[PDB]
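Just one chain is shown here, as structure tokens, and it is the form deposited in one PDB entry.
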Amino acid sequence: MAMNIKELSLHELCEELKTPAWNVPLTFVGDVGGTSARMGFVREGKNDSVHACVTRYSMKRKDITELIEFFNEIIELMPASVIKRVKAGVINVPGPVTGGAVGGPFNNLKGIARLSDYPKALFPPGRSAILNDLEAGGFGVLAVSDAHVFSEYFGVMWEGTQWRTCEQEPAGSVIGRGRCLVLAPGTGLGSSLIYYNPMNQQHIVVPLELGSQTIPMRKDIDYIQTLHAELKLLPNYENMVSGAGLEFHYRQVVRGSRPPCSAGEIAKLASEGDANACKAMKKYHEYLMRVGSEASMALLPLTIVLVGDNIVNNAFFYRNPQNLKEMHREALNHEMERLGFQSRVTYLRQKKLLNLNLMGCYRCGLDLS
């Protein structure tokens, strides 16, 4: 198995790291959310495989600075001869970062993440970084490709016209050298651009805020104006492509005929074949394809990849050939499709669960060491 993540108690992780398979160079990684952080060590295995061993920490204090207590505990317990093998340290945090070194402020945690405050044993000077969540997720998409298992984690929705002229291998078998736009449609709408720099021979991940752009119209001015009047804000893409957005689409389908439902209730009903909930899901995806059509022009990506547990869990929607045909039509609904811009782009969806952020911390670390 190419991508392996094992969760252990700190004491069991210490025992695991003394085993012979772990007597190799190590990367320290940390995936930090509002409730818990998973932190530990990653090594290479056979055939560019990835093996992580992590421990779950509760963010009891809802303070980012508590991470320093967790780091200090790992360095106190672990033999110095084991920690000596760490060549890089990278964590992801749910908020903005400057200089790859200063994270926050955060919506759901107090304090600021400061790399210069972290122990050099786990964060070697010059070989360390703090990443935003969706930067780490981009690097995680790269990590899957590098481990030769893109076709295990991602499914092709449709192959674009540019793939075969730019790449030798089948669509969806590798990320491709071209620009890759990562979209994370979930409760919100995350975005990042994976760029390959030919001069460097280095891939870099550019975090974006595509979801906060004002929605440009097609033939839907009355639909956008309905949401405008409700929010008292000109709609952005996240307003239509979010849990709140899906709840709105469901209200507009049923027009008071049926009780209001949560985003989770709507997804479940669509999965059970409820016509109203399926229509609401079509509307959600119509606006996701608008982000995609406009970014296809602005950013000239080779590929668009939809990531996240939400995308995996909603596989039923993407597997339906009618739904996929309607999504493809809206992806090509742009004036510049007369010149083939939108049809150039290959669309892919995550089809298997994976902690992309932990794998991305590792992949970023390889650039740094």
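Each form is matched to the other, and the largest set of C-alpha atoms that superpose within 1.5 Å is called the rigid core. The first residue of the shown sequence is 1; numbering continues from there.
We do not show the form deposited in another entry, though everything after this point is about it.
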Would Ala229 count as moving between the shown form and the other one, using a Cα shift of 2 angstroms or more after superposing the core as the test? no
Could you tell me whether the Cα atom of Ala80 shifts by at least 2 Å between the shown form and the other one after core superposition? yes
Quick one: in the other entry, is the Cα gap between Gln213 and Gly34 smaller or bigger than here? Answer closer or farther; it shifts by 3 Å or more. closer
